[PDB]
>>> print(open('query.cif').read())   # mmCIF, C-alpha atoms and all ligand atoms
data_start
#
loop_
_atom_site.label_atom_id
_atom_site.label_comp_id
_atom_site.auth_asym_id
_atom_site.auth_seq_id
_atom_site.Cartn_x
_atom_site.Cartn_y
_atom_site.Cartn_z
CA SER P 1 120.30 123.20 113.13
CA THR P 2 117.81 123.54 110.26
CA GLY P 3 117.69 123.24 106.50
CA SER P 4 115.49 124.63 103.75
CA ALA P 5 115.50 123.82 100.03
CA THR P 6 113.35 124.74 97.05
CA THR P 7 111.76 121.87 95.13
CA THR P 8 110.76 122.31 91.49
CA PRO P 9 108.42 120.33 89.19
CA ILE P 10 110.31 118.52 86.44
CA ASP P 11 107.64 119.23 83.80
CA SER P 12 104.35 121.01 83.13
CA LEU P 13 102.25 118.19 84.66
CA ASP P 14 104.03 118.05 88.05
CA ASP P 15 105.02 114.44 87.33
CA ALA P 16 107.81 114.71 89.91
CA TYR P 17 109.76 117.29 91.90
CA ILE P 18 113.54 117.72 92.10
CA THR P 19 115.56 119.34 94.89
CA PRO P 20 119.26 120.29 94.68
CA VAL P 21 121.49 118.31 97.04
CA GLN P 22 125.21 118.84 97.66
CA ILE P 23 127.30 115.64 97.85
CA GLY P 24 131.02 115.39 98.55
CA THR P 25 133.95 117.75 99.05
CA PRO P 26 134.12 119.93 97.09
CA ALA P 27 130.35 119.94 96.61
CA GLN P 28 128.84 118.10 93.65
CA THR P 29 125.27 119.32 93.19
CA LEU P 30 122.70 116.76 92.03
CA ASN P 31 118.94 117.20 91.59
CA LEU P 32 117.25 114.44 93.59
CA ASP P 33 113.65 113.26 93.87
CA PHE P 34 112.69 113.39 97.57
CA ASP P 35 110.70 110.20 98.17
CA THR P 36 108.88 109.64 101.47
CA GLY P 37 107.92 106.19 100.13
CA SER P 38 111.43 104.71 100.06
CA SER P 39 114.52 104.76 102.24
CA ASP P 40 117.56 104.71 99.92
CA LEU P 41 119.71 107.64 98.79
CA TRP P 42 120.95 106.53 95.38
CA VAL P 43 122.52 108.54 92.56
CA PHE P 44 123.70 108.23 89.01
CA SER P 45 127.48 108.01 89.25
CA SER P 46 130.72 107.53 87.33
CA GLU P 47 130.10 103.81 87.95
CA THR P 48 126.77 103.67 86.10
CA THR P 49 126.75 101.72 82.84
CA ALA P 50 127.49 104.37 80.23
CA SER P 51 124.65 103.29 77.93
CA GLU P 52 122.21 103.79 80.84
CA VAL P 53 123.04 107.50 81.32
CA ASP P 54 121.33 110.12 79.13
CA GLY P 55 121.98 113.67 80.31
CA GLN P 56 121.95 113.14 84.07
CA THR P 57 124.48 114.77 86.36
CA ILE P 58 126.67 112.03 87.85
CA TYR P 59 128.31 111.72 91.26
CA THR P 60 132.05 111.03 90.97
CA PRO P 61 133.36 109.63 94.29
CA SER P 62 136.98 109.73 93.09
CA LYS P 63 136.75 113.54 93.00
CA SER P 64 135.44 113.80 96.58
CA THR P 65 138.05 114.00 99.34
CA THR P 66 135.46 112.81 101.89
CA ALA P 67 134.11 109.82 99.96
CA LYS P 68 134.79 106.38 101.45
CA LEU P 69 133.90 103.04 99.89
CA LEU P 70 131.73 101.02 102.25
CA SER P 71 133.61 97.79 101.64
CA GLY P 72 131.45 94.84 100.63
CA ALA P 73 128.12 96.69 100.81
CA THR P 74 125.62 96.42 97.97
CA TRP P 75 122.08 97.65 97.35
CA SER P 76 119.22 96.57 95.10
CA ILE P 77 115.79 98.19 94.96
CA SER P 78 112.56 97.72 93.00
CA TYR P 79 109.77 100.29 93.09
CA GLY P 80 106.01 99.74 92.90
CA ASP P 81 105.99 100.76 89.22
CA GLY P 82 108.57 98.13 88.24
CA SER P 83 111.60 100.43 88.28
CA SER P 84 114.88 99.02 89.55
CA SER P 85 118.50 99.95 90.26
CA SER P 86 121.50 98.53 92.10
CA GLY P 87 125.16 99.14 92.85
CA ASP P 88 127.71 99.67 95.61
CA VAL P 89 127.81 102.07 98.54
CA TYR P 90 130.00 105.01 99.53
CA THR P 91 129.81 107.22 102.58
CA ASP P 92 130.19 110.96 102.04
CA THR P 93 129.08 114.37 103.24
CA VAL P 94 125.56 115.33 102.14
CA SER P 95 123.99 118.78 102.53
CA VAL P 96 120.38 119.81 101.89
CA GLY P 97 119.65 123.54 102.00
CA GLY P 98 122.39 124.28 104.53
CA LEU P 99 121.82 121.15 106.66
CA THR P 100 124.91 118.91 106.58
CA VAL P 101 125.25 115.22 107.46
CA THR P 102 128.66 113.52 107.52
CA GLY P 103 129.08 109.84 106.78
CA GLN P 104 125.79 109.51 104.90
CA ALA P 105 125.44 106.34 102.85
CA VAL P 106 125.45 107.36 99.17
CA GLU P 107 124.41 104.40 97.04
CA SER P 108 126.15 104.51 93.66
CA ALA P 109 124.08 103.06 90.82
CA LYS P 110 125.87 100.61 88.55
CA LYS P 111 122.62 99.52 86.85
CA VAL P 112 119.44 101.58 86.46
CA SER P 113 116.15 100.66 84.82
CA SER P 114 115.11 102.31 81.57
CA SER P 115 112.54 104.43 83.42
CA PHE P 116 115.28 106.43 85.14
CA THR P 117 117.51 106.55 82.04
CA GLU P 118 114.88 108.29 79.90
CA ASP P 119 114.26 110.94 82.61
CA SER P 120 117.25 113.26 82.20
CA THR P 121 115.98 115.66 84.89
CA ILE P 122 116.28 113.29 87.89
CA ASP P 123 119.81 112.50 89.08
CA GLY P 124 118.69 110.19 91.89
CA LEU P 125 116.38 109.62 94.83
CA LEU P 126 116.58 110.70 98.47
CA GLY P 127 114.50 108.33 100.57
CA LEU P 128 112.60 109.73 103.55
CA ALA P 129 110.62 106.71 104.75
CA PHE P 130 111.79 104.79 107.81
CA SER P 131 115.24 103.22 107.79
CA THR P 132 113.84 99.69 108.14
CA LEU P 133 113.17 99.79 104.37
CA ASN P 134 116.77 100.58 103.37
CA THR P 135 118.12 97.94 101.00
CA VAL P 136 121.84 98.08 101.83
CA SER P 137 123.23 94.63 102.67
CA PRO P 138 124.65 93.16 104.82
CA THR P 139 124.67 96.32 106.97
CA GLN P 140 121.45 98.34 106.67
CA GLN P 141 121.99 102.10 106.42
CA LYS P 142 120.12 105.08 107.86
CA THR P 143 118.27 107.71 105.85
CA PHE P 144 119.35 111.35 105.60
CA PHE P 145 116.55 112.31 107.99
CA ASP P 146 117.53 109.68 110.56
CA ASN P 147 121.17 110.79 110.48
CA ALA P 148 120.22 114.47 110.78
CA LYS P 149 117.62 113.88 113.53
CA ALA P 150 119.95 114.52 116.47
CA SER P 151 121.18 117.94 115.31
CA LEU P 152 117.79 119.23 114.12
CA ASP P 153 116.03 121.80 116.29
CA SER P 154 112.89 119.63 116.07
CA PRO P 155 112.80 116.08 114.61
CA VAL P 156 110.47 117.12 111.79
CA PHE P 157 110.52 117.89 108.11
CA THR P 158 107.76 119.52 106.08
CA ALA P 159 106.63 119.18 102.47
CA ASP P 160 105.05 122.22 100.76
CA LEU P 161 104.66 121.14 97.13
CA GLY P 162 103.49 123.66 94.57
CA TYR P 163 100.86 123.30 91.86
CA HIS P 164 102.72 124.00 88.58
CA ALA P 165 105.09 126.04 90.75
CA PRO P 166 108.14 125.61 93.01
CA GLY P 167 107.74 124.52 96.61
CA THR P 168 109.76 123.97 99.77
CA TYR P 169 111.20 121.14 101.84
CA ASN P 170 112.10 122.30 105.35
CA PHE P 171 114.09 120.31 107.92
CA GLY P 172 114.00 120.94 111.66
CA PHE P 173 111.32 123.63 111.91
CA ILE P 174 107.70 124.39 111.05
CA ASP P 175 107.17 127.57 109.00
CA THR P 176 104.01 128.98 110.57
CA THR P 177 103.63 131.47 107.68
CA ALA P 178 103.29 128.73 105.04
CA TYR P 179 99.79 127.52 105.98
CA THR P 180 96.40 128.80 107.11
CA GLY P 181 94.38 127.74 110.13
CA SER P 182 95.64 124.95 112.37
CA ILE P 183 97.66 121.81 111.73
CA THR P 184 95.70 118.61 112.37
CA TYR P 185 97.94 115.76 113.50
CA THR P 186 97.09 112.09 113.01
CA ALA P 187 98.69 108.85 114.14
CA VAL P 188 101.29 107.05 112.03
CA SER P 189 101.93 103.31 111.87
CA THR P 190 105.55 102.36 111.13
CA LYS P 191 104.87 98.61 110.93
CA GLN P 192 105.50 98.48 107.16
CA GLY P 193 108.22 101.15 107.16
CA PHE P 194 105.99 103.77 105.52
CA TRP P 195 104.43 107.03 106.68
CA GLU P 196 101.15 105.14 107.01
CA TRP P 197 98.00 106.79 108.36
CA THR P 198 94.20 106.51 108.26
CA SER P 199 92.06 109.08 106.47
CA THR P 200 88.61 109.58 107.97
CA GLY P 201 86.62 109.81 104.74
CA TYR P 202 86.03 111.65 101.50
CA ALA P 203 83.63 113.75 99.47
CA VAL P 204 83.21 114.33 95.73
CA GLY P 205 82.67 117.95 94.71
CA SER P 206 80.01 119.56 96.88
CA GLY P 207 78.53 116.18 97.81
CA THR P 208 78.01 114.71 101.26
CA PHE P 209 81.09 113.66 103.21
CA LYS P 210 81.31 109.87 103.52
CA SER P 211 82.81 108.82 106.85
CA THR P 212 84.94 105.74 106.17
CA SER P 213 88.45 104.69 107.14
CA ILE P 214 91.01 104.73 104.32
CA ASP P 215 94.43 103.37 105.26
CA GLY P 216 97.20 104.74 103.08
CA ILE P 217 100.71 106.13 102.89
CA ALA P 218 101.96 109.69 102.42
CA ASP P 219 104.32 109.35 99.44
CA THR P 220 105.98 112.37 97.84
CA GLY P 221 107.58 109.95 95.35
CA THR P 222 104.28 108.95 93.73
CA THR P 223 102.61 111.29 91.25
CA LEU P 224 98.95 110.33 91.51
CA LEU P 225 96.32 109.53 94.15
CA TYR P 226 95.55 105.80 94.42
CA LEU P 227 92.40 104.94 96.37
CA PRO P 228 90.04 101.95 96.70
CA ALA P 229 87.89 101.09 93.70
CA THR P 230 84.64 102.11 95.41
CA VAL P 231 85.91 105.63 96.08
CA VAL P 232 87.45 106.12 92.63
CA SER P 233 84.29 104.89 90.90
CA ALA P 234 82.19 107.36 92.91
CA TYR P 235 84.48 110.21 91.81
CA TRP P 236 84.57 109.44 88.09
CA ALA P 237 80.81 108.79 88.00
CA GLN P 238 80.42 112.58 88.37
CA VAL P 239 82.45 113.33 85.21
CA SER P 240 80.44 113.10 81.99
CA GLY P 241 82.03 110.62 79.60
CA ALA P 242 84.69 109.34 82.00
CA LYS P 243 85.52 105.64 81.77
CA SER P 244 88.11 103.11 82.84
CA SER P 245 90.27 102.17 79.85
CA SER P 246 92.13 98.87 79.67
CA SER P 247 94.45 99.99 76.86
CA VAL P 248 95.39 103.15 78.77
CA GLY P 249 95.49 101.50 82.20
CA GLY P 250 93.16 103.72 84.19
CA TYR P 251 90.37 106.25 84.12
CA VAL P 252 90.33 108.75 81.25
CA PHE P 253 87.92 111.61 80.62
CA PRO P 254 87.06 114.00 77.78
CA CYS P 255 89.54 116.86 77.94
CA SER P 256 86.62 119.29 77.52
CA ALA P 257 85.12 118.27 80.87
CA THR P 258 85.55 120.22 84.09
CA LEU P 259 86.56 118.11 87.04
CA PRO P 260 84.98 118.22 90.50
CA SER P 261 87.11 118.71 93.57
CA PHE P 262 87.99 115.84 95.90
CA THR P 263 87.99 116.17 99.68
CA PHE P 264 89.75 113.80 102.07
CA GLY P 265 89.47 113.76 105.84
CA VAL P 266 92.23 114.16 108.41
CA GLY P 267 90.67 113.58 111.80
CA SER P 268 87.92 116.19 111.97
CA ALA P 269 89.61 118.42 109.38
CA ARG P 270 89.12 118.42 105.61
CA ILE P 271 91.66 118.88 102.81
CA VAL P 272 90.17 119.95 99.46
CA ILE P 273 91.96 119.00 96.23
CA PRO P 274 90.85 121.40 93.45
CA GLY P 275 89.54 119.69 90.35
CA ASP P 276 92.31 121.21 88.22
CA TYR P 277 94.89 119.23 90.24
CA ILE P 278 93.34 115.98 88.94
CA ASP P 279 93.83 116.83 85.23
CA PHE P 280 96.97 115.20 83.85
CA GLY P 281 96.31 116.15 80.25
CA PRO P 282 95.97 114.27 76.97
CA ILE P 283 96.99 110.61 76.97
CA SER P 284 98.88 111.31 73.73
CA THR P 285 99.81 114.47 71.85
CA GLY P 286 96.71 115.83 70.13
CA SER P 287 94.29 113.43 71.84
CA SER P 288 90.95 114.62 73.20
CA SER P 289 91.08 111.98 75.96
CA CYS P 290 92.75 113.17 79.17
CA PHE P 291 94.30 111.12 81.99
CA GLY P 292 92.85 111.28 85.49
CA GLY P 293 94.86 112.01 88.62
CA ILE P 294 92.74 109.74 90.84
CA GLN P 295 93.15 106.04 90.06
CA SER P 296 92.30 102.71 91.66
CA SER P 297 94.69 101.06 94.12
CA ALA P 298 93.21 97.60 93.50
CA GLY P 299 96.20 96.47 91.44
CA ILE P 300 98.70 97.89 93.95
CA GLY P 301 97.53 96.50 97.30
CA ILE P 302 98.01 99.75 99.24
CA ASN P 303 96.41 103.18 99.05
CA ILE P 304 98.81 105.99 98.14
CA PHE P 305 98.33 109.68 98.94
CA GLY P 306 100.72 110.92 96.26
CA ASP P 307 101.65 114.37 95.02
CA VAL P 308 98.11 115.07 93.76
CA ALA P 309 96.88 114.98 97.36
CA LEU P 310 99.97 116.26 99.19
CA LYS P 311 100.39 119.41 97.08
CA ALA P 312 96.94 120.55 98.23
CA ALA P 313 98.24 120.75 101.82
CA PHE P 314 101.10 121.76 104.07
CA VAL P 315 102.37 118.42 105.39
CA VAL P 316 104.40 117.87 108.57
CA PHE P 317 106.37 114.63 108.88
CA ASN P 318 106.94 114.46 112.65
CA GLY P 319 109.74 111.98 113.32
CA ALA P 320 109.44 112.05 117.10
CA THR P 321 109.61 108.80 119.06
CA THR P 322 105.88 108.44 118.43
CA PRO P 323 105.70 109.64 114.80
CA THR P 324 102.73 111.64 113.54
CA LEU P 325 101.62 113.31 110.31
CA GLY P 326 100.32 116.89 110.25
CA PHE P 327 98.05 118.37 107.59
CA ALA P 328 97.09 122.01 107.13
CA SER P 329 95.30 123.94 104.43
CA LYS P 330 97.31 126.50 102.48
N1 LIG E 1 107.44 106.22 96.22
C1 LIG E 1 108.10 104.99 96.58
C2 LIG E 1 107.13 103.81 96.59
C3 LIG E 1 106.72 103.23 95.40
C4 LIG E 1 105.84 102.17 95.42
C5 LIG E 1 105.36 101.68 96.63
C6 LIG E 1 104.39 100.50 96.67
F1 LIG E 1 104.01 100.16 95.40
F2 LIG E 1 105.01 99.44 97.26
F3 LIG E 1 103.29 100.85 97.39
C7 LIG E 1 105.77 102.26 97.81
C8 LIG E 1 106.65 103.33 97.79
#
>>> encode(input="query.cif", output="structure tokens", more="lines below")
Ligand SMILES: NCc1ccc(C(F)(F)F)cc1
Amino acid sequence: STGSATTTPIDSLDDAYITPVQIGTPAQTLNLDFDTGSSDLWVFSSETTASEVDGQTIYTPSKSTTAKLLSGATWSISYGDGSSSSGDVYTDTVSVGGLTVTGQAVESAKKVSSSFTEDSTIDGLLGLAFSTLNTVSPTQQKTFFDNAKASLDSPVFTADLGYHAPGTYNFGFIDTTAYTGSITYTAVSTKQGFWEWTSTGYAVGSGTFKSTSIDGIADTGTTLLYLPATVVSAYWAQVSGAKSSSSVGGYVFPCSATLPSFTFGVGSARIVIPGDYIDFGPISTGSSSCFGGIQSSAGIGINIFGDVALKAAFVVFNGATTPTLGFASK
């Protein structure tokens, strides 16, 4: 079997992408943030504290004839930006773009952090990292991808994120019309539970390519590109008037500037991020200072190839017994 679903930016800056997901019988459609950096499927629900819900669509297990309380199971998660949520666990039927999994753990949020509350467009997260990171206790639960793996034609899913435009998540097949050239595959380490790989180097604009190993994770759930301080300094040095701001918390640049492209290496191949992808607009309404899409990972402890990088490519998440990551130009 296969599945295919359209993913849509939640705002004009591509801060995140939402994908419709059908949960329960009869179907309750929620717009979830597909996150290859986490491994929990959690949703706003009828159990969420009422003051913590502001316009989200909620999952109501009592209206689903296939929902089953997973007795005694709880979950609690904290993301790298300080966000947090927790609750109990149901099992139910979950369908993504025609692909159906029965008995999927659906984690019902009783408490959500303020970050999720003030984002009315995101009804929950669908984790697509490895199941070792799932937070359900005492019995760890499998991700949607892991549960679907057996019935998929191929144990892969692909991310084709658009720049200020809709994109596609495909499950079980590789759309050979969605990219140009060849797909370059590279090895994945699962030791930390992430889609972790090693980039072979970088270049700024039309400058020389610097061969150097950059270990990082492919994370559709992170907006920006977080790279070591040496790389990020070399990039912003080429932008007149750019500077690292302590009050803003990162590199800003004059909105009048034009940004150079950024190239990262995948084996012997190169993926070019257009300079326009790195512009995240004024730091405040009316400001002439703009926020940069490439920031330092020094405060995070891990390099993150977020949406800024992934939307420049067609990305294959190959969940075979030896997992690999595929990158192609598009
Ligand atoms: N997108 C999920 C996510 C968020 C943060 C991290 C961090 F901070 F631990 F690297 C990993 C994964």
>>> residues_around(input="query.cif", residues="residue 159 in chain P", least_positions_apart="3", cutoff="12 Å", atoms="all atoms listed in the file", output="PDB file with C-alpha atoms, in the coordinates of the input")
ATOM      1  CA  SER P   4     115.490 124.630 103.750  1.00  0.00           C
ATOM      2  CA  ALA P   5     115.500 123.820 100.030  1.00  0.00           C
ATOM      3  CA  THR P   6     113.350 124.740  97.050  1.00  0.00           C
ATOM      4  CA  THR P   7     111.760 121.870  95.130  1.00  0.00           C
ATOM      5  CA  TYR P  17     109.760 117.290  91.900  1.00  0.00           C
ATOM      6  CA  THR P  19     115.560 119.340  94.890  1.00  0.00           C
ATOM      7  CA  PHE P  34     112.690 113.390  97.570  1.00  0.00           C
ATOM      8  CA  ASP P  35     110.700 110.200  98.170  1.00  0.00           C
ATOM      9  CA  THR P  36     108.880 109.640 101.470  1.00  0.00           C
ATOM     10  CA  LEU P 128     112.600 109.730 103.550  1.00  0.00           C
ATOM     11  CA  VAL P 156     110.470 117.120 111.790  1.00  0.00           C
ATOM     12  CA  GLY P 162     103.490 123.660  94.570  1.00  0.00           C
ATOM     13  CA  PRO P 166     108.140 125.610  93.010  1.00  0.00           C
ATOM     14  CA  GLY P 167     107.740 124.520  96.610  1.00  0.00           C
ATOM     15  CA  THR P 168     109.760 123.970  99.770  1.00  0.00           C
ATOM     16  CA  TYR P 169     111.200 121.140 101.840  1.00  0.00           C
ATOM     17  CA  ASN P 170     112.100 122.300 105.350  1.00  0.00           C
ATOM     18  CA  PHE P 171     114.090 120.310 107.920  1.00  0.00           C
ATOM     19  CA  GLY P 172     114.000 120.940 111.660  1.00  0.00           C
ATOM     20  CA  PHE P 173     111.320 123.630 111.910  1.00  0.00           C
ATOM     21  CA  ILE P 174     107.700 124.390 111.050  1.00  0.00           C
ATOM     22  CA  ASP P 175     107.170 127.570 109.000  1.00  0.00           C
ATOM     23  CA  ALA P 178     103.290 128.730 105.040  1.00  0.00           C
ATOM     24  CA  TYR P 179      99.790 127.520 105.980  1.00  0.00           C
ATOM     25  CA  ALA P 218     101.960 109.690 102.420  1.00  0.00           C
ATOM     26  CA  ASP P 219     104.320 109.350  99.440  1.00  0.00           C
ATOM     27  CA  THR P 220     105.980 112.370  97.840  1.00  0.00           C
ATOM     28  CA  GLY P 221     107.580 109.950  95.350  1.00  0.00           C
ATOM     29  CA  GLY P 306     100.720 110.920  96.260  1.00  0.00           C
ATOM     30  CA  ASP P 307     101.650 114.370  95.020  1.00  0.00           C
ATOM     31  CA  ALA P 309      96.880 114.980  97.360  1.00  0.00           C
ATOM     32  CA  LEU P 310      99.970 116.260  99.190  1.00  0.00           C
ATOM     33  CA  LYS P 311     100.390 119.410  97.080  1.00  0.00           C
ATOM     34  CA  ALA P 312      96.940 120.550  98.230  1.00  0.00           C
ATOM     35  CA  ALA P 313      98.240 120.750 101.820  1.00  0.00           C
ATOM     36  CA  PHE P 314     101.100 121.760 104.070  1.00  0.00           C
ATOM     37  CA  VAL P 315     102.370 118.420 105.390  1.00  0.00           C
ATOM     38  CA  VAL P 316     104.400 117.870 108.570  1.00  0.00           C
ATOM     39  CA  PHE P 317     106.370 114.630 108.880  1.00  0.00           C
ATOM     40  CA  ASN P 318     106.940 114.460 112.650  1.00  0.00           C
ATOM     41  CA  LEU P 325     101.620 113.310 110.310  1.00  0.00           C
ATOM     42  CA  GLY P 326     100.320 116.890 110.250  1.00  0.00           C
ATOM     43  CA  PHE P 327      98.050 118.370 107.590  1.00  0.00           C
ATOM     44  CA  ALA P 328      97.090 122.010 107.130  1.00  0.00           C
ATOM     45  CA  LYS P 330      97.310 126.500 102.480  1.00  0.00           C
TER      46      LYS P 330
END
>>> atom_distance(input="query.cif", atom1="CA of residue 224 in chain P", atom2="CA of residue 38 in chain P")
16.1 Å
>>> residues_near_ligand(input="query.cif", ligand="ligand LIG 1 (chain E)", cutoff="12 Å", atoms="all atoms listed in the file", output="JSON, numbers by chain")
{"P": [16, 33, 34, 35, 36, 37, 38, 39, 40, 77, 78, 79, 80, 81, 82, 83, 84, 125, 126, 127, 128, 129, 130, 133, 134, 192, 193, 194, 195, 196, 216, 217, 218, 219, 220, 221, 222, 223, 224, 225, 226, 227, 297, 298, 299, 300, 301, 302, 303, 304, 305, 306, 307]}
>>> residues_around(input="query.cif", residues="range 197-203 of chain P", least_positions_apart="2", cutoff="10 Å", atoms="all atoms listed in the file", output="compact mmCIF listing (two decimals) with C-alpha atoms, in the frame of the given file")
# COMPACT_ATOMS: atom_id res chain seq x y z
CA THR P 186 97.09 112.09 113.01
CA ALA P 187 98.69 108.85 114.14
CA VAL P 188 101.29 107.05 112.03
CA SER P 189 101.93 103.31 111.87
CA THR P 190 105.55 102.36 111.13
CA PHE P 194 105.99 103.77 105.52
CA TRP P 195 104.43 107.03 106.68
CA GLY P 205 82.67 117.95 94.71
CA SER P 206 80.01 119.56 96.88
CA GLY P 207 78.53 116.18 97.81
CA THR P 208 78.01 114.71 101.26
CA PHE P 209 81.09 113.66 103.21
CA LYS P 210 81.31 109.87 103.52
CA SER P 211 82.81 108.82 106.85
CA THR P 212 84.94 105.74 106.17
CA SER P 213 88.45 104.69 107.14
CA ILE P 214 91.01 104.73 104.32
CA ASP P 215 94.43 103.37 105.26
CA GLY P 216 97.20 104.74 103.08
CA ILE P 217 100.71 106.13 102.89
CA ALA P 218 101.96 109.69 102.42
CA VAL P 231 85.91 105.63 96.08
CA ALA P 234 82.19 107.36 92.91
CA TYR P 235 84.48 110.21 91.81
CA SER P 261 87.11 118.71 93.57
CA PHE P 262 87.99 115.84 95.90
CA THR P 263 87.99 116.17 99.68
CA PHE P 264 89.75 113.80 102.07
CA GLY P 265 89.47 113.76 105.84
CA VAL P 266 92.23 114.16 108.41
CA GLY P 267 90.67 113.58 111.80
CA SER P 268 87.92 116.19 111.97
CA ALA P 269 89.61 118.42 109.38
CA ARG P 270 89.12 118.42 105.61
CA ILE P 271 91.66 118.88 102.81
CA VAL P 272 90.17 119.95 99.46
CA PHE P 305 98.33 109.68 98.94
CA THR P 324 102.73 111.64 113.54
CA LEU P 325 101.62 113.31 110.31
>>> closest_residue(input="query.cif", among="P:72, P:3, P:286, P:292", to="residue 258 in chain P", atoms="all atoms listed in the file")
P:292
>>> atom_distance(input="query.cif", atom1="CA of residue 106 in chain P", atom2="CA of residue 149 in chain P")
17.6 Å
>>> residues_around(input="query.cif", residues="residue 95 in chain P", least_positions_apart="5", cutoff="8 Å", atoms="all atoms listed in the file", output="MDAnalysis selection string")
chainID P and resid 21:23 100:101
>>> residues_around(input="query.cif", residues="residue 56 in chain P", least_positions_apart="6", cutoff="7 Å", atoms="all atoms listed in the file", output="list in words")
residues 120, 121, 122 and 123 of chain P
>>> atom_distance(input="query.cif", atom1="CA of residue 76 in chain P", atom2="CA of residue 135 in chain P")
6.2 Å
>>> closest_residue(input="query.cif", among="P:91, P:85, P:284, P:46", to="residue 58 in chain P", atoms="all atoms listed in the file")
P:46
>>> axis_aligned_box(input="query.cif", around="range 194-200 of chain P", padding_each_side="6 Å", output="AutoDock Vina command-line options")
--center_x 97.3 --center_y 106.7 --center_z 106.9 --size_x 29.4 --size_y 17.8 --size_z 14.8
>>> closest_residue(input="query.cif", among="P:71, P:184, P:289, P:140", to="residue 256 in chain P", atoms="all atoms listed in the file")
P:289
>>> residues_near_point(input="query.cif", point="(116.6, 100.4, 85.1)", cutoff="10 Å", atoms="only C-alpha atoms", output="PDB file with C-alpha atoms, in the frame of the given file")
ATOM      1  CA  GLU P  52     122.210 103.790  80.840  1.00  0.00           C
ATOM      2  CA  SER P  78     112.560  97.720  93.000  1.00  0.00           C
ATOM      3  CA  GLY P  82     108.570  98.130  88.240  1.00  0.00           C
ATOM      4  CA  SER P  83     111.600 100.430  88.280  1.00  0.00           C
ATOM      5  CA  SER P  84     114.880  99.020  89.550  1.00  0.00           C
ATOM      6  CA  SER P  85     118.500  99.950  90.260  1.00  0.00           C
ATOM      7  CA  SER P  86     121.500  98.530  92.100  1.00  0.00           C
ATOM      8  CA  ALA P 109     124.080 103.060  90.820  1.00  0.00           C
ATOM      9  CA  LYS P 110     125.870 100.610  88.550  1.00  0.00           C
ATOM     10  CA  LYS P 111     122.620  99.520  86.850  1.00  0.00           C
ATOM     11  CA  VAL P 112     119.440 101.580  86.460  1.00  0.00           C
ATOM     12  CA  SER P 113     116.150 100.660  84.820  1.00  0.00           C
ATOM     13  CA  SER P 114     115.110 102.310  81.570  1.00  0.00           C
ATOM     14  CA  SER P 115     112.540 104.430  83.420  1.00  0.00           C
ATOM     15  CA  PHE P 116     115.280 106.430  85.140  1.00  0.00           C
ATOM     16  CA  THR P 117     117.510 106.550  82.040  1.00  0.00           C
ATOM     17  CA  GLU P 118     114.880 108.290  79.900  1.00  0.00           C
TER      18      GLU P 118
END
>>> closest_residue(input="query.cif", among="P:257, P:229, P:89, P:165", to="residue 67 in chain P", atoms="only C-alpha atoms")
P:89
